[PDB]
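> Experimental structure and its sequence below.
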Amino acid sequence: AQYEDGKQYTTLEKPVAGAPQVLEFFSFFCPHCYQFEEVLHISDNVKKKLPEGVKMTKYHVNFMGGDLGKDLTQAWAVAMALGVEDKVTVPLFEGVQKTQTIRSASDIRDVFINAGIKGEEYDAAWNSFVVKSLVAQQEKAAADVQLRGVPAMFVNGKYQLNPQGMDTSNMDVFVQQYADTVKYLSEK
């Protein structure tokens, strides 16, 4: 058929109960993740095609970048808690990978301050148990899908996107196929 298990997607042996409908994992340290988000705009293209009432969820991962990598997972938790994901995503990617001016937790915080988040507000969130639970949630989600690498995307806790089984050449054909596949899976 057009969409095939083992080609554009695979199926989790162990489906995840109560998972977000569309779940993406990434790292701000991850070069392919920079391409996925800042060049290919996969998240945005997926969202442009999603059915009514389907939310996209995006979690950060710890396993790249040591202490800073975890700092970034905690900052992403802050971004989710404050609802400022779409204000910090681009400057965090560029700060870690393009300018490489993000080298410490304080450099991360600077991105938020520069994006208009008040210092007291960032610090209160950073040190909150709500943010610690959000960090734990991201870590548990990675465990639940038995995550091996990023970028990754899972649909209804059952299906894993398989970009290596898609077409490579026009980045645009690739992006459209990825997005079309997510939509197919959402209705499956």
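Happy to help now that I have it. Numbers count the residues shown, from 1 in each chain.
> So what's the residue count around residue 86?
The local packing of residue 86 (other Cβ atoms under 10 Å) involves 9 other residues. In short, each C-beta sits where N, CA and C put it, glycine included.
> likewise residue 98?
Count around residue 98 with other Cβ under 10 Å applied: 13.
> ok, now which ones touch residue 160?
Residue 160 sits next to 9-12, 145, 152-154 when contact means Cβ atoms under 8 Å, 6 or more residues apart in numbering.
> Could I have the buried ones of these as ChimeraX selection syntax?
Restricted to buried positions by 16 or more other Cβ atoms under 10 Å, the ChimeraX selection for those reads:
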select :9,12,145,152,153,154
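> Looking at the contacts of residue 160, which is nearest residue 20?
Using Cβ to Cβ, the shortest approach to residue 20 within the contacts of residue 160 belongs to residue 154, at 8.3 Å.
> Touching, the closest one and residue 14? I think so.
No - Residue 154 is beyond contact range of residue 14, at 11.8 Å (criterion: Cβ atoms under 8 Å).
> Skipping adjacent residues, who's closest to residue 6 in space?
Leaving aside its sequence neighbours, residue 6 sits nearest to residue 165 (Cβ to Cβ, 6 or more residues apart in numbering; 7.0 Å).
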